[PDB]
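Given next, in structure tokens, is a single chain: the form deposited in one PDB entry.
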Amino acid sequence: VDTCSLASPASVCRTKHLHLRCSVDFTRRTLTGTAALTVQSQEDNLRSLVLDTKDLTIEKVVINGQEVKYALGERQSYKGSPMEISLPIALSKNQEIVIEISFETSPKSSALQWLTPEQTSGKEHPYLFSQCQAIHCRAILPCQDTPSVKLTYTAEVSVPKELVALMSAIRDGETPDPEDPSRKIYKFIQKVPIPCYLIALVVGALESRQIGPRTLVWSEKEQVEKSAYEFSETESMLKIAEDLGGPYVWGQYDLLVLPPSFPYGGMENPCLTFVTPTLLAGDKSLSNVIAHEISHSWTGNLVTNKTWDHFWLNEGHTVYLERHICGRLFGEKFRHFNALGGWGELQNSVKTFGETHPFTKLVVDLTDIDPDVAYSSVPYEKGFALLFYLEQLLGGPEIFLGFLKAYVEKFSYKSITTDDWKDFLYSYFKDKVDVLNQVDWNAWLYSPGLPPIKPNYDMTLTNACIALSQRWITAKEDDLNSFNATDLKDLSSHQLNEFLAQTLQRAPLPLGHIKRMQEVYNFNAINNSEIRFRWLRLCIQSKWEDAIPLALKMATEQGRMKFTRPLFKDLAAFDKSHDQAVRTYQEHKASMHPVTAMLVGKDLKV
């Protein structure tokens, strides 16, 4: 059972296909149209079924050409309202019907952000994007809003003719709208069955440039050139991923670079990954996010978590593949550097949440918990740490990647739980079950806090970062003159980042040390978003008033939650910036992404 969904479960009926016909009304901030669901009964004598909805207006529900009865239940908070449809004829097992629902979204759909022309790059046209994961697809269309059900889809989307629509699907043509010549209809086909959280739409003034044999980058005209360069490693990463995971089955791998309020680093929408413009460092140094989204084309999109309790299956295996792609590209010592940095992020989250916090468990029971509130690094890094531990336990990366390939093969086009994964792990490693029974499964999967065993990490690339951090932490005032720009000479952008991560773990430092660091290193000049983030956090936690406007500027000029949330939190904790932080949120909140708005409000207690 999926406790985040109000709809009939997969054991009762299963959506096979969605045909979406809709129109994007920028004037009203609504999507309007029909969702035609092809539904297969899994039961004898099926006479009704229930769908997920959230802030939808239902006009009518048509089956076999006639309107039928339906009822909306009472809102159940972040789950929305259940929609019961009365079937006109009882269905036998495996019988299929088509239910055509006429609906309209609310301007406040938590799935959607509607941007004014002023919030875009070109300043002449508005822009819309969706973010359905985890349980926001129900806020666009009525559906069984659970990743335990996979469907194919087709769509026809009418938008102002000067704008472009794209979806998580193969582009299937465009024509004028016959109902309104000021409009264009874009068509789409997704032939591969997908969980509904992978349904995605963008409408905006979009241009494209080809960057590989199966990849266009899409953005507003002013970002295209920069994006083409930033993401030029994409085809080489796809090739490596195919080697590790098996055939890429989705046809195209395009990239869409969103406006700066996009709430995450990436979203693995099939055929069209969405990314944050904060990846545009100018030097490709944040391309691990592309490797991560590419990896989801196997782990997440082919093998999918059956409910959001097992989200770690999606993320852990993805981070595991991600770090492999980057290890292939840049060396095994780099894979270990990233893995070790990941362990540090995990310490930070466990430290932040508390070592007994429920959200520090690998598997989390999400009944009554809004998944957006639970979301953190834990599933990523505690999941990664388990697989890395297991890799070492069972014989190394070549051996463990054999298992990853077999696991993707085995569960392609299915939705699985943690027990399903573990079962296959024991089946694949039947000759090593003595070694598998050494792992403390209950601790790793179900206990809060740091994992019971820390893997082994090569420290080669890390040592210089630790060394410099320690010099600063142990320095007294009479040592500050010894620091010099030449300190950073042999450090990559990745190492400069890790240096700051290490130092930030011991924050606050004395204000004079921070002032000296800006004097000698000019971190204020760095536009790499990861580096700038940690630097400004270090400044604010170390009580440097000068950094206040910089931190406020970063927190609001982009909306990647990774950055925006902890910046606002830090600025709220610093008495000098507290009032401004709260006032700034209040002023920007209406024009924020709905989920980000909600979470920053909670963080600030406003």
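Numbering starts at 1 and runs along the sequence shown.
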Higher of the two mean Cα B-factors (188 to 196, 111 to 119; per PDB record) comes from 111 to 119
Comparing mean C-alpha B factor in the record for 18 to 26 and 582 to 590, the higher one is 582 to 590
Between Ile294, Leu468, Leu425, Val157, where does the Cα B-factor run highest in the record? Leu425
When the CA B-factors of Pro508, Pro260, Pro213, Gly173 are compared as recorded in the entry, which is the largest? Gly173
Grab the CA temperature factor for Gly251 from the record and place it in the lowest, middle or highest third of its chain. middle
Divide the modelled residues of the chain into thirds by Cα B-factor and specify which third, lowest, middle or highest, holds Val373. middle
Within this chain, which third does the Cα B-factor at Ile531 fall in: lowest, middle or highest? lowest
By the record's CA B-factor, is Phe231 among the lowest, middle or highest third of residues in the chain? lowest
Entry-reported Cα temperature factor of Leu390, expressed as the chain third it lands in: highest
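A second form of this protein, the form deposited with a small molecule bound, is not displayed here; the remarks below concern that form.
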Counting any non-hydrogen atom inside 4.5 Å, which residue from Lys543, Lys569, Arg29, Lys562 sits next to the small molecule in the deposited complex? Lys562
Which listed residue (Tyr127, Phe533, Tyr380, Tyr407) meets the criterion of a heavy atom within 4.5 Å of the small molecule in the deposited complex? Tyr380
Picking from 250 to 258, 289 to 297, 80 to 88, 214 to 222, which part of the chain touches the small molecule in the deposited complex when contact means heavy atoms within 4.5 Å? 289 to 297
Does any heavy atom of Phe400 come within 4.5 Å of a heavy atom of the small molecule in the deposited complex? no
Answer for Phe330 alone: is it within 4.5 Å of the small molecule in the deposited complex, judged on heavy atom distances? no
Residue-level contact is defined here as any heavy atom of the residue lying within 4.5 Å of the small molecule in the deposited complex; does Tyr375 satisfy this criterion? yes
In the deposited complex, does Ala165 come within 4.5 Å of the small molecule, counting heavy atoms only? no
